[PDB]
Each structure stands twice: as structure tokens, then as C-alpha cells.
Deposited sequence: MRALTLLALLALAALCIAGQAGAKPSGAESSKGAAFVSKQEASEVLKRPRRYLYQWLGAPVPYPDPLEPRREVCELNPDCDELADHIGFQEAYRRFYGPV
């Protein structure tokens, strides 16, 4: 529970979880995505490098 990296035992052990809100993810396609901004510590690093945006 010490930060976003760790999770509790309950949330880790739920096999029966709703994946979306449809998976079938095939390769090839197009790797790029807009989820990169959800990384840990993005806001602080972005503020250090490009200032108070």
C-alpha cells in the first residue's frame, strides 16, 4: 500500500474481473497509444523538463 506500484492481496487475486468497461488483441496493427501519460511520476518529470504547463 506504499504508493501506486503496490496493490493489496484482494485486488491482486480477483481472476473474475471485467477487462473492458473487447480484448482479442492481434499483433501487427499499430503499437502507438495515448496511454503513456498514465505512467508513474509523469507529472513531476514533465514539470521538471518542460516547466509549469
Compare what was deposited with what's modelled and send me the C-alpha-less stretches, numbered from 1. 1 to 30, 52 to 68
